[PDB]
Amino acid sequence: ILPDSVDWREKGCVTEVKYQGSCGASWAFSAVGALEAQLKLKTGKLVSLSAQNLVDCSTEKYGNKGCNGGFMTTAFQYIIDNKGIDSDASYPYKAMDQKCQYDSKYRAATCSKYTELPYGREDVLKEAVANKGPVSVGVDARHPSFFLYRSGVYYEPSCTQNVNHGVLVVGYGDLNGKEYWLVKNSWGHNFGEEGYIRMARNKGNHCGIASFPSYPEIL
């Protein structure tokens, strides 16, 4: 029996909204955000993890292209293979591709595995968000309405289920009975509601929010 609303910010599992600047690293921000929640769940500590670590080090071997895009799933695999990821403080974000400068001295988190969810299943995504934690997802953000979003529940008739932007589902609920996913973006505080966007939920995988969900775990 799933709760009617969740918001992982109220459980203290979500770090502040980041600003990716001129670097297509949304995939890296989505991935670290998910792992940040699990790190807090396991250890009690909330620490921002290094998106730049992923940009610089999870590259061609993982199908990732730094500031030209990438995938959260293969980002998690990098963290597994690498046996760690650095804190954001120690490996700060520069919004550009750099040489890999991972240093295990400043390792703030580990990843044992990750799980993908089945394509288009908003019911399964809801369960995972309720029971596991924030979930990394892709959305179709290729529409001016997305970029211009300020408040309310986002609905874009010309959205597709193809995804081109990584974000973090940190919750769900309804606004006056209009169901939504609570989504943490990485375009700073001036995007949406202090960096957050409510996106239509249970409208047939609107903007592909449930097309490619994934979350990591730490044992």
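The first residue of the shown sequence is 1; numbering continues from there.
- In this entry, 60-68 has the higher mean Cα B-factor, the comparison being between 31-39 and 60-68.
- When the C-alpha B-factors of 130-138 and 88-96 are averaged, 88-96 comes out higher.
- Looking at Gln52, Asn190, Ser26, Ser151, the one whose CA carries the top B-factor in the deposited record is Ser151.
- Annotation for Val167: C-alpha temperature factor in the lowest third relative to the rest of the modelled chain, per the entry.
- When the modelled residues of the chain are ordered by their C-alpha B factor, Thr73 lands in the lowest third.
- When the modelled residues of the chain are ordered by their C-alpha B factor, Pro216 lands in the middle third.
- Annotation for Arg9: C-alpha temperature factor in the middle third relative to the rest of the modelled chain, per the entry.
- The deposited CA B-factor of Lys203 belongs to the highest third of values across its chain.
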